[PDB]
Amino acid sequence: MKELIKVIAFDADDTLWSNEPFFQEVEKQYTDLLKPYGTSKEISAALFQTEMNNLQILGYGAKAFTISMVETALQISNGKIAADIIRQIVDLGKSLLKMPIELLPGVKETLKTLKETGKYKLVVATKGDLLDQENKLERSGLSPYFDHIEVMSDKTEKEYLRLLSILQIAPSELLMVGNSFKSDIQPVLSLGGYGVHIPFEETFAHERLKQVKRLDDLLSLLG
């Protein structure tokens, strides 16, 4: 921590700001549009199937989500769905790209304090559409605290190794902070790095892992 960690990487969505609630409300509104074709659970299962079938070419993010929404609508309706439902679906997807940014507790004070130490390089480590993530950061007001954003095509060990290489450090010099144990924490621990898990409201404990309730609790862990 003292003279091991050089880089503190932060997940963005549900770590720096709320994201999943906005997405889930969009998914709810989508499933309301496809009522004739199934229960909300059923429509969500079909959409997830499409997302998974599209994963290798579309990847992650709001643009991918929008395209899978349109496809699933076309599919489940046997290509008979009204064009106006398609217009609504595209509008829903675009709402995701203009979502207002609501910072989570302690985020602003933590990043300011870390910036003012001048001790760590601070980066955002996120999947998704590059422009979207860039825009979210800008409108969060947090851009002055961050050296830059690393947008990733996935969050497996392979992509974290690419991140480490780009940053010119070894795994033991990286601290990753995020809400997802599976995507933000596990892969980084597996490589040799450190994690702070901040759940957003199945895991295991680990010597290079701490779980905290809110992001500002990070500051005592560094001291």
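A residue's number is simply how far along the shown sequence it sits, counting from 1.
Student: Using none, 1 to 3, 4 to 9 or 10 or more, say how many deposited residues go missing between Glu201 and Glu202.
Tutor: The entry has a gap there, with 4 to 9 residues left out between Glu201 and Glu202.
Student: When the Cα temperature factors in the entry are averaged, is it 56-64 or 174-182 that ends up higher?
Tutor: Comparing 174-182 with 56-64, the higher mean C-alpha B-factor belongs to 56-64.
Student: Quick check for you: using the entry's CA B-factors within this chain, is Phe48 in the lowest, middle or highest third?
Tutor: It belongs to the highest third of the chain when residues are ordered by C-alpha B-factor.
Student: How does the C-alpha B factor of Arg162 compare with the rest of the chain: lowest, middle or highest third?
Tutor: Within its chain, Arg162 is a middle-third residue by C-alpha B-factor, going by the deposited values.
Student: Could you look up the Cα B-factor of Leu219 in the entry and say which third of the chain it sits in: lowest, middle or highest?
Tutor: As the PDB entry reports it, the C-alpha B-factor of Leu219 lands in the middle third of its chain.
Student: Ranked by Cα temperature factor within the chain, is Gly128 in the lowest third, the middle third or the highest third?
Tutor: According to the entry, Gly128 has a C-alpha B-factor in the chain's highest third.
Student: Grab the CA temperature factor for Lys108 from the record and place it in the lowest, middle or highest third of its chain.
Tutor: Its C-alpha B-factor, which the entry lists for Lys108, ranks in the middle third among residues of this chain.
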